[PDB]
Every structure is written in C-alpha cells, then in structure tokens.
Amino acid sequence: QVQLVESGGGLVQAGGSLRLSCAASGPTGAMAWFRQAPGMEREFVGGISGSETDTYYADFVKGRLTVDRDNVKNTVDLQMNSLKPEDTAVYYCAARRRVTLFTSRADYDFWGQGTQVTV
C-alpha cells in the first residue's frame, strides 16, 4: 500500500496560475495528475515515468503546464498557467508501482483523494 497526499489548488479566475503538489508515503514508479470535471470522466493531464526519462502531457495541456518530480522527497508537482474555466475540475494525484508512464486510469495503483480547482 502507498498513500498520496495532495495539497494546493483552490479558487482562481481565468488567466491566473495555480500549483498542485503530491507527496507519496513511499517511493513509487510513474506519477501523474488526472482531472475529473464535474460529471465527466477522469482524464490524464501530465506525468513523469519512474525513471524521469519520459514526460508526457495531454493534448489540451499544450505547453501550459509543467510537471516535475522528486524521487528523494517522493513528490510530484504540477504548475498550471493561463488557466481557463474549462480547467475547473477535481484534480487527482496518481502513481504506479511500476515505471512506465501509461495514461489510462486503470493502469494506476494509488490515488489521492481529489483536490478542487475552480477557475
């Protein structure tokens, strides 16, 4: 078992920026952020392979976001720029035991509890 502790997010209006952070109880493989708009399906946002050699961002996250990772602190961070009201959603930290940065939610083993972001 491994626990993910989210922080950050909250309330902003269009154009602003927001930061999310996730701290893992132990070391892990691929780490990613997902989001779920109010009644929509959880979609992948961005993440980093366990080896940090592979970074992937969804199509809608253009170059507006940056994920970085810290294998010593066991944390993945996300920073959001040029926020639009379509970015409103509950953001989830996710991690896998294994290293590969798949993007389906079913490939992830550990989940945060969900952090609200409102633009």
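Position 1 is the first residue in the sequence shown; the rest follow in order.
Asks: Check the entry's C-alpha temperature factors for 45-53 and 67-75, then say which stretch has the higher mean.
Replies: Comparing 45-53 with 67-75, the higher mean C-alpha B-factor belongs to 67-75.
Asks: In the PDB record, does 36-44 or 90-98 carry the higher mean Cα temperature factor?
Replies: Mean CA B-factor is higher for 36-44.
Asks: Considering only modelled residues of the same chain, in which third does the CA B-factor of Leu4 rank: lowest, middle or highest?
Replies: According to the entry, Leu4 has a C-alpha B-factor in the chain's middle third.
Asks: Would you mind ranking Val61 by its C-alpha B-factor against the rest of the chain and naming the third, lowest, middle or highest?
Replies: According to the entry, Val61 has a C-alpha B-factor in the chain's highest third.
Asks: Consider only the C-alpha atoms of the modelled residues in this chain, order them by B-factor as the entry records it, and name the third containing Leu11: lowest, middle or highest.
Replies: Middle third - that is where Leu11 ends up once the chain's C-alpha B-factors are sorted.
Asks: Lowest, middle or highest third: which one holds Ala106 when the chain's residues are ordered by CA B-factor from the entry?
Replies: According to the entry, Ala106 has a C-alpha B-factor in the chain's lowest third.
Asks: Could you place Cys22 in the lowest, middle or highest third of its chain by Cα temperature factor, using the values in the record?
Replies: Tercile = middle for this residue's CA B-factor.
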